[PDB]
Amino acid sequence: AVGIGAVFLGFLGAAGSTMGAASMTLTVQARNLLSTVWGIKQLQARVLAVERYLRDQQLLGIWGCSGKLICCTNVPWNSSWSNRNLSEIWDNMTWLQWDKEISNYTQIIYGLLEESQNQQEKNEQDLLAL
Amino acid sequence: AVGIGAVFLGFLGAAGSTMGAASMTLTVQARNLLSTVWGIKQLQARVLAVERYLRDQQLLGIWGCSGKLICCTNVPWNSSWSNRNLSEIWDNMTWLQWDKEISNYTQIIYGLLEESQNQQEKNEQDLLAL
Amino acid sequence: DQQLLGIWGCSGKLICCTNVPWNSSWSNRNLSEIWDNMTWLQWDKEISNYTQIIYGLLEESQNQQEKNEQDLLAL
Amino acid sequence: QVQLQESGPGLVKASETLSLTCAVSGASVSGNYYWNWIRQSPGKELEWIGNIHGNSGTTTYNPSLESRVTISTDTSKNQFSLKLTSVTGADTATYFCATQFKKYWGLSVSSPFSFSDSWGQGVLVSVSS
Amino acid sequence: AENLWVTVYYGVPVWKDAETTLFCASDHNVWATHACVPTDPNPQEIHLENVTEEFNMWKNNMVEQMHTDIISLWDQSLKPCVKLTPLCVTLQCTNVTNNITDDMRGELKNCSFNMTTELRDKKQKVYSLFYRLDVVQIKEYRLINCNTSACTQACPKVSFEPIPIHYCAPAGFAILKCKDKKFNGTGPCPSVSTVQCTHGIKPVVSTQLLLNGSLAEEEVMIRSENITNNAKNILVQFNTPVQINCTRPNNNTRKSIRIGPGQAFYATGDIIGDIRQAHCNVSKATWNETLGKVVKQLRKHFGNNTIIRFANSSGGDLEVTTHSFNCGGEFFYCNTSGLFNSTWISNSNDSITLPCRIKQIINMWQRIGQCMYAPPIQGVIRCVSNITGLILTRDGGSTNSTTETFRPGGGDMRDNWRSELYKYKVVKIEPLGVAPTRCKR
Amino acid sequence: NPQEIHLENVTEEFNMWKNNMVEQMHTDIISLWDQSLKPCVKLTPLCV
Amino acid sequence: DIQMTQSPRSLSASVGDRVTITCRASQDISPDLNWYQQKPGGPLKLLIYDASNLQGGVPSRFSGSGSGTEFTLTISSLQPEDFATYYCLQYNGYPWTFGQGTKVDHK
Ligand SMILES: *[C@@H]1O[C@H](CO)[C@@H](O[C@@H]2O[C@H](CO)[C@@H](O[C@@H]3O[C@H](CO)[C@@H](O)[C@H](O[C@H]4O[C@H](CO)[C@@H](O)[C@H](O)[C@@H]4O[C@H]4O[C@H](CO)[C@@H](O)[C@H](O)[C@@H]4O)[C@@H]3O)[C@H](O)[C@H]2NC(C)=O)[C@H](O)[C@H]1NC(C)=O
Ligand SMILES: *[C@@H]1O[C@H](CO)[C@@H](O[C@@H]2O[C@H](CO)[C@@H](O[C@@H]3O[C@H](CO)[C@@H](O)[C@H](O)[C@@H]3O)[C@H](O)[C@H]2NC(C)=O)[C@H](O)[C@H]1NC(C)=O
Ligand SMILES: *[C@@H]1O[C@H](CO)[C@@H](O[C@@H]2O[C@H](CO)[C@@H](O[C@@H]3O[C@H](CO)[C@@H](O)[C@H](O)[C@@H]3O)[C@H](O)[C@H]2NC(C)=O)[C@H](O)[C@H]1NC(C)=O
Ligand SMILES: *[C@@H]1O[C@H](CO)[C@@H](O[C@@H]2O[C@H](CO)[C@@H](O)[C@H](O)[C@H]2NC(C)=O)[C@H](O)[C@H]1NC(C)=O
Ligand SMILES: *[C@@H]1O[C@H](CO)[C@@H](O[C@@H]2O[C@H](CO)[C@@H](O)[C@H](O)[C@H]2NC(C)=O)[C@H](O)[C@H]1NC(C)=O
Ligand SMILES: *[C@@H]1O[C@H](CO)[C@@H](O[C@@H]2O[C@H](CO)[C@@H](O)[C@H](O)[C@H]2NC(C)=O)[C@H](O)[C@H]1NC(C)=O
Ligand SMILES: *[C@@H]1O[C@H](CO)[C@@H](O[C@@H]2O[C@H](CO)[C@@H](O)[C@H](O)[C@H]2NC(C)=O)[C@H](O)[C@H]1NC(C)=O
Ligand SMILES: *[C@@H]1O[C@H](CO)[C@@H](O[C@@H]2O[C@H](CO)[C@@H](O)[C@H](O)[C@H]2NC(C)=O)[C@H](O)[C@H]1NC(C)=O
Ligand SMILES: *[C@@H]1O[C@H](CO)[C@@H](O[C@@H]2O[C@H](CO)[C@@H](O)[C@H](O)[C@H]2NC(C)=O)[C@H](O)[C@H]1NC(C)=O
Ligand SMILES: *[C@@H]1O[C@H](CO)[C@@H](O[C@@H]2O[C@H](CO)[C@@H](O)[C@H](O)[C@H]2NC(C)=O)[C@H](O)[C@H]1NC(C)=O
Ligand SMILES: *[C@@H]1O[C@H](CO)[C@@H](O[C@@H]2O[C@H](CO)[C@@H](O)[C@H](O)[C@H]2NC(C)=O)[C@H](O)[C@H]1NC(C)=O
Ligand SMILES: *[C@@H]1O[C@H](CO)[C@@H](O)[C@H](O)[C@H]1NC(C)=O
Ligand SMILES: *[C@@H]1O[C@H](CO)[C@@H](O)[C@H](O)[C@H]1NC(C)=O
Ligand SMILES: *[C@@H]1O[C@H](CO)[C@@H](O)[C@H](O)[C@H]1NC(C)=O
Ligand SMILES: *[C@@H]1O[C@H](CO)[C@@H](O)[C@H](O)[C@H]1NC(C)=O
Ligand SMILES: *[C@@H]1O[C@H](CO)[C@@H](O)[C@H](O)[C@H]1NC(C)=O
């Protein structure tokens, strides 16, 4: 128990790791998104960062995943987007490769999530009406 | 099935529609609230917009309606605010007309919502204490 | 502050009680001598040195809770 | 992965000071690591010389060689060095620089486990009368 | 059968190439550290394993940002200083011939003129020693800049010494550093780390030679955007430094002339003792060894039987035709002709002395209409520096001949910054991700 | 109509000799004085 | 100092034979013990850590067991590359003491 070292994966350390292993350290990435002429540029950069953070949070809230890092949904996975099974995704791939593969099927999923969440909200209101 | 146009109600397109119909497109409006001397004014405008958005989100959160677009509450509807029935509100009126009508009974409703949510939180804590 | 609240699972709440047990080393006083015979400033002065570890415990507990919820919903 | 390479004089005279260096790539000397110096003489058993904590600088030497061993670190060059004073014939051996640690894949010391270790190629040093 | 569903993750380790504005970090100077943040005493680096990135030193925006920031700082430093408007007068000059050698004949002019005083109804008669490069004949002369623009005098308290500067990125961005040795600035880097910000970079201004820079850890490195094209400069990074000793030996004197209310002009009074040329020295054997290494590395790209020639500069302005630098406030322009003069064929204590000149009216950056008058420095001056690289250009290059001739180049200061920021790049994080998963809400 | 809220049982610590408000006020006063004089005549020709 | 006794000092076996090596400590050090392999004139390779966990990349034939003051390394099927010197090491308390080294060669 003496002569042993302890090291933790820091910030982007899990970039090269698989998706399943990289999904266990989302908090370290999440915490780092927030934190005369030159002052103008610095303040513009700060405002842009704040705006990007607020945009991402607004999208998450609109999809109904507010306040969650992992939030599984009701939208089924169309096979046209991808054909690979879970064995070859969560244990034989990384997030960068997945982003490169799926970069052209992103907006339609967002619209589907928005419409689905609107439908769930309407149904919840109707249920609570009774 | 050829020679047919598809047009979607855009941004404030539902401004003239009834309340019930206008309540089906809240997301398009919600998404649009966020997005040397002249740079100062532009940055001031951006900061003011961000502050307004954060104020509205805080007001929503304090009432227990965080992360929801249609959130129902527990406060009963005092008849002194408006005597009209649901038939003559949600099918024969518009949001602008309703805002003009109830523009003088707004703050008291906010205070009632705040106190009700505080009482609900206290009761939930007491329930969980057991 | 809002992000710190959200990461612990207390998003949108003013009074949000959690699952982390209270280690006796942080404070030995009972509830009678805390909630009825002291003030928030005095409490902050008292526990000003055991704050970050509680934050880390809350973070890890919320992460475990999210993982368990996902596993439950998988079935 | 952490890689280590040893260097130093291949021949030293008796009663002189033997200076060896070990350069590390893929990690920082100032990090939470235990940098180890070990030796093995020809046809004998391995003998652990000493160790140093990278972050704190605490050193622990073998009691037999505690009076002649000095381990230091150079952050600018990203390496660590060993000095053995009053070398003798018995000090002829192959010297290795090593480091072992535990890499955790989560937060706090509870999450899975990953033991890692690295040993250098080693350098042979002979002491001449 | 798949029954998979979209699931959202926030905080995934994904990034994209992006451009942003970095800020200071540093431990009276022209490079003002007052408006620059303090640096962390213990910088943190995170080595990313299994991450191979793409790098291109010739498309880095950090170089442009550094150039703009350096120019802005230089402009800012000169604002609260005296403007030498009244100095455009008719000077009457005479040759200086007191204890001069055979190579300093005509370089110095003793010029008298009329000047204003604190009271606006009085005049005084004064004299000063000017350099031949500063005065143009109109026995009557005028300053070289008088028909282009009036321009200011550097305040005598600010120091020109470079200071290291670190560049740290904003929130939501990251700086990736390529730790792969032998990396020639373009292509894939298997070994990468993440840094909060870069090592201290000295903004050293020089031409034809890189001074007080960083050294390759392994061997001489040759870099070029397109080595087949002769219109692109070649950056050579040395493995070991070459020491160079420069000196101005004249014992100068400084005097102050009050030209108005709270305004002084610093003139060269007289020179004590003998008058001799300033010069630099570089070791001969070390230079020969360095050129041997350089030609050995050059043979890799230009054939194994090719004859490699080093010749003189082509021509142009004095700034680009000569190794120009600043040594303790005095601006030297020197003739690097004994260095790049040799031919190489495939198969003690003396030193090379470069004699060279000094100037006082300076157009630092490639601009017209703004000078900078350098006040004289009092006494003898000497400095020593490390040469750690070269900027070369290949002339001609047609297939007719099998001889390759390289000549010194320079002028553009972006090449000086490029040699330091070659292994860094900036990216922006993308924390939102979507994957298949087997729950359902 | 400025608002004041009296805090009961609160006993604070005060030190007039290490107050940053004084420094801020001094800087603001100097800045305002300097700003006021910018668009005014400069008496350069009076040195006679 | 914690003393280590490793047996057998020298062993001869053929390809495919099962090889067992025992290492004993002067006092209880469990589970703090590692098993390393060293080829002639080369660096030591970590076979087992914590006396029961197989190091990543090692062939599955190697295994470790035991506790207290008795630990065992087992090679189920010896291979041509397995002929080497095996050592047992501890880190419970200083100094770090290695075994004398069990040498396995081709019979
Ligand atoms: C590459 O790096 C090397 C070293 O890393 C550089 O060489 C160094 O250069 C500096 C600057 O020239 C030099 O420091 C000076 O040394 C002089 C001799 O000791 C000092 O006299 C001088 O101090 C004067 O200047 C300061 C501002 O720089 C003032 O703050 C100070 O008060 C002094 O000024 C007084 O004196 C002058 C002259 O009499 C007078 O006019 C003033 O009014 C005032 O009264 C500096 O300390 C180092 O000594 C050099 N190092 C070595 C080893 O020689 C080299 O320049 C770099 N190369 C390039 C291209 O930049
Ligand atoms: C960088 O990539 C390498 C491989 O390209 C990663 O090493 C690999 O790590 C995995 C899991 O840690 C190993 O899988 C293991 O395989 C053994 C034997 O099949 C099995 O018994 C285990 O249960 C596990 O599945 C894999 O063998 C290993 N690859 C190699 C060549 O050793 C490495 O982890 C990556 N870096 C990071 C930071 O993730
Ligand atoms: C702008 O206003 C006009 C009327 O003010 C809207 O047109 C109205 O639309 C409603 C529903 O779409 C129609 O209701 C219909 O009423 C008849 C009554 O017999 C009923 O039989 C139908 O089933 C239906 O409920 C209404 O008739 C119609 N008004 C007119 C004059 O035709 C119009 O929709 C508004 N624009 C927008 C963008 O909302
Ligand atoms: C530059 O010229 C001036 C003026 O001719 C020289 O100053 C004169 O020096 C002599 C002695 O050498 C004195 O007798 C005069 O009184 C000086 N004149 C004034 C106006 O002071 C000066 O010496 C010359 N400098 C050089 C280097 O030749
Ligand atoms: C400084 O000014 C004086 C006069 O203010 C100049 O002396 C005159 O020089 C001109 C020649 O251009 C003669 O025609 C005048 O007769 C001179 N007047 C007097 C009163 O001497 C003097 O030359 C000026 N100095 C310089 C260096 O130009
Ligand atoms: C010229 O180069 C030499 C050699 O690189 C420099 O001397 C080194 O200075 C660093 C300071 O960071 C020390 O860590 C090294 O140990 C020194 N090496 C040697 C061999 O002495 C020297 O400082 C350089 N000169 C200038 C002006 O930069
Ligand atoms: C590097 O420069 C060479 C020389 O310009 C480029 O090759 C030339 O390409 C142009 C394009 O139209 C042709 O007209 C020339 O005939 C080519 N010359 C030779 C000698 O091949 C080359 O393409 C450049 N490299 C890259 C990557 O663009
Ligand atoms: C550059 O080199 C020359 C020699 O080539 C040096 O000249 C010598 O300088 C020393 C100074 O200590 C004198 O003692 C010698 O008498 C000089 N000899 C000759 C022939 O001039 C010169 O000093 C060197 N300069 C620098 C800055 O290093
Ligand atoms: C440049 O200057 C340095 C320092 O003045 C010279 O280094 C000195 O050289 C002498 C003669 O060999 C030695 O006695 C000193 O000990 C050296 N001092 C240092 C600090 O190195 C160097 O030789 C000069 N180089 C050239 C080319 O002139
Ligand atoms: C590089 O060397 C050549 C060859 O000596 C230089 O050309 C000389 O230029 C001067 C002008 O100052 C003439 O007087 C010489 O006659 C020229 N030499 C020959 C052989 O004709 C050239 O100037 C040098 N480069 C630089 C930048 O000075
Ligand atoms: C740079 O130095 C070289 C070498 O001294 C100069 O070339 C000499 O120029 C003079 C002209 O004054 C000729 O008389 C010599 O014959 C030239 N030397 C050789 C070897 O050809 C060159 O002129 C210098 N650069 C400049 C711009 O003057
Ligand atoms: C000054 O000396 C230079 C160089 O000898 C000469 O060309 C010039 O004509 C001289 N001017 C005089 C004596 O006025
Ligand atoms: C100033 O004069 C010099 C030499 O007489 C000349 O080369 C230059 O072109 C002139 N500048 C302008 C702007 O005419
Ligand atoms: C050197 O640069 C060239 C430019 O095209 C590139 O192709 C090559 O891969 C680089 N060398 C290395 C080792 O990356
Ligand atoms: C330069 O001259 C001054 C004044 O005479 C003297 O004090 C100083 O020592 C001289 N410098 C040298 C290097 O001779
Ligand atoms: C250039 O090199 C030649 C060698 O052929 C030599 O004769 C000549 O003097 C050199 N020139 C200079 C300026 O060093």
# chains A, B, ... in the order shown; residues from 1 in each chain; ligands from 1
$ residues_near_ligand --ligand "ligand 4" --cutoff "10 Å" --atoms "only C-alpha atoms and all ligand atoms" --output "number ranges by chain"
E: 93-99, 108-112, 125-129, 268-272, 275
$ residues_around --residues "residue D:16" --least-positions-apart "2" --cutoff "7 Å" --atoms "only C-alpha atoms" --output "PyMOL selection string"
chain D and resi 13-14+18+85-87
$ write_last_selection --atoms "N, CA, C and O atoms" --output "JSON list (two decimals), in the first residue's frame"
[["chain", "number", "residue", "atom", "x", "y", "z"],
["D", 13, "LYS", "N", 35.17, 4.69, -11.78],
["D", 13, "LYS", "CA", 36.29, 4.28, -10.95],
["D", 13, "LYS", "C", 35.84, 4.10, -9.50],
["D", 13, "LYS", "O", 34.83, 4.66, -9.06],
["D", 14, "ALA", "N", 36.61, 3.31, -8.76],
["D", 14, "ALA", "CA", 36.29, 3.05, -7.36],
["D", 14, "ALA", "C", 36.40, 4.33, -6.54],
["D", 14, "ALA", "O", 37.25, 5.19, -6.80],
["D", 18, "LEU", "N", 28.79, 7.74, -8.92],
["D", 18, "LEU", "CA", 28.11, 7.29, -10.13],
["D", 18, "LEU", "C", 26.83, 8.08, -10.29],
["D", 18, "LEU", "O", 25.97, 8.08, -9.40],
["D", 85, "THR", "N", 27.37, 7.60, -4.18],
["D", 85, "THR", "CA", 28.71, 7.98, -3.77],
["D", 85, "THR", "C", 29.47, 6.77, -3.23],
["D", 85, "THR", "O", 28.88, 5.82, -2.72],
["D", 86, "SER", "N", 30.80, 6.84, -3.33],
["D", 86, "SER", "CA", 31.69, 5.80, -2.83],
["D", 86, "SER", "C", 31.36, 4.44, -3.45],
["D", 86, "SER", "O", 31.14, 3.44, -2.76],
["D", 87, "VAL", "N", 31.33, 4.41, -4.78],
["D", 87, "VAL", "CA", 31.04, 3.17, -5.49],
["D", 87, "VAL", "C", 32.20, 2.19, -5.30],
["D", 87, "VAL", "O", 33.37, 2.59, -5.16]]
$ residues_around --residues "residue D:58" --least-positions-apart "6" --cutoff "10 Å" --atoms "only C-alpha atoms" --output "list in words"
residues 34, 51, 52, 71 and 72 of chain D
$ closest_residue --among "G:4, G:78, G:84, G:46" --to "chain D" --atoms "only C-alpha atoms"
G:46
$ select_by_dssp --residues "stretch 17-102 of chain D" --states "strand (DSSP E)" --output "short mmCIF file (atom, residue, chain, number, x, y, z; two decimals) with N, CA, C and O atoms, in the first residue's frame"
data_model
loop_
_atom_site.label_atom_id
_atom_site.label_comp_id
_atom_site.auth_asym_id
_atom_site.auth_seq_id
_atom_site.Cartn_x
_atom_site.Cartn_y
_atom_site.Cartn_z
N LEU D 18 28.79 7.74 -8.92
CA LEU D 18 28.11 7.29 -10.13
C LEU D 18 26.83 8.08 -10.29
O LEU D 18 25.97 8.08 -9.40
N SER D 19 26.69 8.76 -11.43
CA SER D 19 25.52 9.58 -11.74
C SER D 19 24.79 8.96 -12.92
O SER D 19 25.37 8.77 -13.99
N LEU D 20 23.50 8.65 -12.72
CA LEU D 20 22.65 8.10 -13.75
C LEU D 20 21.43 8.99 -13.93
O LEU D 20 21.01 9.68 -13.00
N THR D 21 20.87 8.98 -15.14
CA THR D 21 19.70 9.78 -15.47
C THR D 21 18.67 8.90 -16.15
O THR D 21 19.01 7.95 -16.86
N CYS D 22 17.39 9.20 -15.90
CA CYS D 22 16.28 8.51 -16.55
C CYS D 22 15.30 9.56 -17.04
O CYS D 22 14.77 10.34 -16.24
N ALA D 23 15.06 9.58 -18.35
CA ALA D 23 14.14 10.51 -18.99
C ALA D 23 12.82 9.80 -19.27
O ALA D 23 12.81 8.66 -19.74
N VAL D 24 11.72 10.50 -19.00
CA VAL D 24 10.38 9.95 -19.10
C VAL D 24 9.61 10.73 -20.16
O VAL D 24 9.69 11.97 -20.22
N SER D 25 8.88 10.01 -21.01
CA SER D 25 8.00 10.59 -22.01
C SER D 25 6.61 10.01 -21.85
O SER D 25 6.44 8.85 -21.47
N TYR D 34 5.56 7.67 -8.43
CA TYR D 34 6.65 7.14 -7.61
C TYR D 34 7.75 6.66 -8.54
O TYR D 34 7.66 5.56 -9.10
N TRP D 35 8.78 7.48 -8.71
CA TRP D 35 9.89 7.15 -9.60
C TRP D 35 10.89 6.29 -8.84
O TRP D 35 11.36 6.69 -7.76
N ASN D 36 11.20 5.12 -9.40
CA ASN D 36 11.94 4.07 -8.72
C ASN D 36 13.28 3.86 -9.40
O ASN D 36 13.36 3.88 -10.63
N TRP D 37 14.32 3.64 -8.60
CA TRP D 37 15.63 3.21 -9.09
C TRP D 37 15.96 1.86 -8.48
O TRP D 37 15.92 1.71 -7.24
N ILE D 38 16.28 0.88 -9.34
CA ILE D 38 16.56 -0.49 -8.95
C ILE D 38 17.84 -0.92 -9.65
O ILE D 38 18.24 -0.33 -10.66
N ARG D 39 18.50 -1.94 -9.11
CA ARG D 39 19.70 -2.50 -9.72
C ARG D 39 19.68 -4.01 -9.62
O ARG D 39 19.01 -4.60 -8.77
N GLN D 40 20.42 -4.64 -10.53
CA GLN D 40 20.61 -6.09 -10.53
C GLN D 40 22.04 -6.39 -10.94
O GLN D 40 22.45 -6.04 -12.05
N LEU D 46 17.53 -9.07 -7.75
CA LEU D 46 17.26 -7.65 -7.90
C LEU D 46 17.32 -6.95 -6.55
O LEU D 46 16.87 -7.48 -5.53
N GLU D 47 17.87 -5.73 -6.55
CA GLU D 47 18.00 -4.92 -5.34
C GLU D 47 17.43 -3.54 -5.62
O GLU D 47 17.93 -2.82 -6.49
N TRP D 48 16.40 -3.17 -4.86
CA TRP D 48 15.74 -1.88 -5.03
C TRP D 48 16.58 -0.80 -4.36
O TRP D 48 16.80 -0.84 -3.14
N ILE D 49 17.04 0.18 -5.15
CA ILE D 49 17.88 1.24 -4.60
C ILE D 49 17.02 2.23 -3.82
O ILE D 49 17.21 2.42 -2.61
N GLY D 50 16.06 2.86 -4.49
CA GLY D 50 15.30 3.89 -3.80
C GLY D 50 14.14 4.39 -4.64
O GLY D 50 13.89 3.91 -5.75
N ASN D 51 13.43 5.37 -4.07
CA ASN D 51 12.28 5.95 -4.77
C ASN D 51 12.09 7.40 -4.34
O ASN D 51 12.54 7.82 -3.27
N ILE D 52 11.38 8.14 -5.19
CA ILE D 52 11.01 9.53 -4.91
C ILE D 52 9.59 9.79 -5.40
O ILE D 52 9.19 9.31 -6.46
N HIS D 53 8.84 10.56 -4.61
CA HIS D 53 7.52 11.04 -5.02
C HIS D 53 7.69 12.27 -5.91
O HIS D 53 8.36 13.23 -5.54
N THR D 59 11.59 11.30 -0.45
CA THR D 59 12.52 10.26 -0.89
C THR D 59 12.59 9.16 0.15
O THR D 59 12.59 9.43 1.35
N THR D 60 12.64 7.91 -0.32
CA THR D 60 12.85 6.76 0.56
C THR D 60 13.91 5.87 -0.08
O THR D 60 13.71 5.36 -1.19
N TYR D 61 15.02 5.68 0.63
CA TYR D 61 16.15 4.89 0.15
C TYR D 61 16.23 3.58 0.92
O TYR D 61 15.68 3.44 2.02
N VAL D 69 22.96 7.09 -1.26
CA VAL D 69 22.03 7.23 -2.38
C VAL D 69 21.39 8.60 -2.31
O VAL D 69 21.00 9.06 -1.23
N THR D 70 21.29 9.27 -3.46
CA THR D 70 20.58 10.54 -3.56
C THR D 70 19.79 10.56 -4.86
O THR D 70 20.37 10.41 -5.94
N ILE D 71 18.48 10.76 -4.76
CA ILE D 71 17.58 10.78 -5.92
C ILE D 71 17.00 12.18 -6.04
O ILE D 71 16.48 12.73 -5.06
N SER D 72 17.09 12.76 -7.24
CA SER D 72 16.58 14.10 -7.52
C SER D 72 15.79 14.07 -8.82
O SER D 72 15.83 13.11 -9.58
N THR D 73 15.06 15.16 -9.07
CA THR D 73 14.23 15.30 -10.26
C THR D 73 14.51 16.64 -10.93
O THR D 73 14.78 17.64 -10.26
N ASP D 74 14.44 16.65 -12.27
CA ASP D 74 14.59 17.85 -13.08
C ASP D 74 13.32 18.01 -13.90
O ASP D 74 13.06 17.22 -14.82
N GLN D 79 13.01 14.67 -16.29
CA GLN D 79 13.80 13.48 -16.00
C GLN D 79 14.05 13.40 -14.50
O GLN D 79 13.67 14.30 -13.74
N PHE D 80 14.70 12.32 -14.07
CA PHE D 80 15.14 12.19 -12.69
C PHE D 80 16.46 11.44 -12.64
O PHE D 80 16.71 10.53 -13.44
N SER D 81 17.30 11.82 -11.68
CA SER D 81 18.68 11.39 -11.62
C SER D 81 18.99 10.73 -10.28
O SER D 81 18.38 11.05 -9.25
N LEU D 82 19.94 9.80 -10.32
CA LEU D 82 20.42 9.06 -9.16
C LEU D 82 21.92 9.30 -9.01
O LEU D 82 22.66 9.32 -10.01
N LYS D 83 22.36 9.48 -7.77
CA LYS D 83 23.76 9.66 -7.43
C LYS D 83 24.12 8.65 -6.36
O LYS D 83 23.47 8.59 -5.31
N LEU D 84 25.16 7.85 -6.63
CA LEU D 84 25.65 6.82 -5.71
C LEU D 84 27.11 7.13 -5.40
O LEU D 84 27.98 6.95 -6.25
N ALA D 93 26.65 -3.43 -11.89
CA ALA D 93 25.32 -3.99 -12.06
C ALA D 93 24.62 -3.27 -13.20
O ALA D 93 25.11 -2.27 -13.74
N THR D 94 23.45 -3.79 -13.57
CA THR D 94 22.54 -3.14 -14.50
C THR D 94 21.49 -2.38 -13.71
O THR D 94 20.79 -2.96 -12.88
N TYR D 95 21.40 -1.08 -13.97
CA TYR D 95 20.49 -0.19 -13.26
C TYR D 95 19.28 0.11 -14.12
O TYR D 95 19.40 0.38 -15.32
N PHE D 96 18.10 0.04 -13.50
CA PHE D 96 16.82 0.29 -14.16
C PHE D 96 16.08 1.41 -13.44
O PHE D 96 16.14 1.52 -12.21
N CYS D 97 15.39 2.23 -14.22
CA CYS D 97 14.47 3.24 -13.72
C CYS D 97 13.05 2.79 -14.06
O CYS D 97 12.80 2.33 -15.18
N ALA D 98 12.14 2.92 -13.10
CA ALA D 98 10.81 2.34 -13.23
C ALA D 98 9.77 3.26 -12.60
O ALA D 98 10.09 4.22 -11.90
N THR D 99 8.51 2.96 -12.89
CA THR D 99 7.40 3.66 -12.25
C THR D 99 6.13 2.84 -12.42
O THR D 99 5.85 2.33 -13.51
N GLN D 100 5.36 2.72 -11.33
CA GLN D 100 4.10 2.00 -11.34
C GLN D 100 3.04 2.85 -10.65
O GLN D 100 3.34 3.60 -9.72
N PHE D 101 1.80 2.72 -11.12
CA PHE D 101 0.71 3.52 -10.60
C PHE D 101 -0.62 2.87 -10.96
O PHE D 101 -0.67 1.86 -11.66
N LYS D 102 -1.69 3.45 -10.43
CA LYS D 102 -3.06 3.01 -10.67
C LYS D 102 -3.80 4.12 -11.39
O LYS D 102 -3.84 5.26 -10.90
#
$ interface_residues --of "chain B" --to "chain C" --cutoff "9 Å" --atoms "only C-alpha atoms" --output "CSV table (one decimal) with N, CA and C atoms, in the first residue's frame"
chain,number,residue,atom,x,y,z
B,58,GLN,N,-35.9,32.3,-14.6
B,58,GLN,CA,-35.9,32.3,-13.2
B,58,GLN,C,-37.4,32.3,-12.7
B,61,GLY,N,-38.9,29.0,-13.2
B,61,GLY,CA,-38.4,28.0,-12.2
B,61,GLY,C,-38.9,28.2,-10.8
B,62,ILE,N,-39.1,29.4,-10.4
B,62,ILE,CA,-39.6,29.7,-9.0
B,62,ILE,C,-41.0,29.1,-8.8
B,64,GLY,N,-42.1,26.4,-10.1
B,64,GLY,CA,-42.1,24.9,-10.3
B,64,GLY,C,-42.4,24.5,-11.7
B,65,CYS,N,-42.4,25.4,-12.7
B,65,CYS,CA,-42.6,25.1,-14.1
B,65,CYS,C,-41.3,25.1,-14.9
B,66,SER,N,-40.2,24.7,-14.3
B,66,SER,CA,-38.9,24.6,-14.9
B,66,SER,C,-38.9,23.6,-16.0
B,67,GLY,N,-38.4,24.0,-17.2
B,67,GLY,CA,-38.2,23.0,-18.3
B,67,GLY,C,-39.5,22.6,-18.9
B,118,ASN,N,-43.8,27.4,-2.9
B,118,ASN,CA,-43.1,27.3,-1.7
B,118,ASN,C,-43.8,26.3,-0.7
B,121,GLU,N,-43.2,22.8,-1.9
B,121,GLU,CA,-41.9,22.3,-1.6
B,121,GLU,C,-41.7,21.9,-0.2
B,122,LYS,N,-42.3,22.7,0.7
B,122,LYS,CA,-42.2,22.4,2.2
B,122,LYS,C,-43.0,21.1,2.4
B,125,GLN,N,-40.9,18.1,1.3
B,125,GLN,CA,-39.9,17.8,2.2
B,125,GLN,C,-40.4,17.1,3.4
B,128,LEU,N,-41.1,13.5,2.6
B,128,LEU,CA,-39.9,12.7,2.4
B,128,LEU,C,-39.3,12.5,3.8
$ interface_residues --of "chain C" --to "chain D" --cutoff "9 Å" --atoms "only C-alpha atoms" --output "list in words"
residues 56, 57 and 60 of chain C
$ interface_residues --of "chain C" --to "chain E" --cutoff "9 Å" --atoms "only C-alpha atoms" --output "PyMOL selection string"
chain C and resi 70-75
